[PDB]
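Note that the chains are named A, B, C, D, E, F, G, H, I, J, K, L, M, N, O, P, Q, R, S and T in the order they appear, and that numbering of residues resets to 1 at the start of each chain.
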């Protein structure tokens, strides 16, 4: 069981 | 069980 | 069980 | 069990 | 069990 | 059990 | 059990 | 059990 | 059990 | 059990 | 050519 | 050519 | 060519 | 060519 | 060519 | 060629 | 060629 | 060629 | 060629 | 060639 969470804030 | 969390703030 | 957490702040 | 935490602040 | 923590501040 | 902690401040 | 701690301040 | 601590200040 | 501590200040 | 401590100040 | 692979790739 | 693959690819 | 691989690659 | 590999690669 | 490998590589 | 390897490589 | 290896390499 | 090895190498 | 080895090498 | 070895080498 693997979890992948990205967050990208690029102005 | 592996967890991958990225965060990228690039102006 | 391995955990990978990156954080990148690049202006 | 291994833990990898990077932090990169590059202006 | 091994722990790897980097921190890089490069202006 | 081994621990690796780097810190790099390069202007 | 071994511990490795570097610190590098290079202007 | 061995401990390795470096410190480098190079202007 | 052995301990290794370096310090280097080089302008 | 042995201890190794260097100090180097080189301008 | 240029090649990236991974389970999680964050560009 | 240019190639990315992954289970999660975030551009 | 240029090649990166990894379980987590963060560019 | 240029090659990086790793379980976690942070560029 | 140029080659880096590691369990954690931080460029 | 140029080669670095390690369990933790911090450039 | 140029070769560095280590359990922890800090450039 | 030039070769460094170690358990902890600090350049 | 030039060769350094050690358990802790501090350049 | 030039060769240094040691348990702790401080250049």
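The rule is short, and it goes like this: a contact is a pair of C-beta atoms (placed from the backbone, for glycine too) under 8 Å apart; a residue touches a chain by one contact, two chains touch by 3 or more.
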Number of hops, subunit D to subunit H, where each hop joins two touching chains: 4
Repeat of the S-T interface, chosen from P-Q, D-N or C-M (over half of contact pairs identical by residue number): P-Q
Mean-CA-position distance for subunit J and subunit F (Å): 20
Chain centre separation (subunit R, subunit T; CA means) in Å: 10
Cα-centroid distance, subunit H relative to subunit T, in whole angstrom: 16
Sites on subunit C at which at least two other chains make contact: 1-11
Parts of subunit P lying in touch with subunit Q, wherever the complex brings them together: 1-11
Contact set on subunit R toward subunit G in their complex: 7-8, 10
Complex contact set, residues of subunit D against subunit N: 4, 6, 8
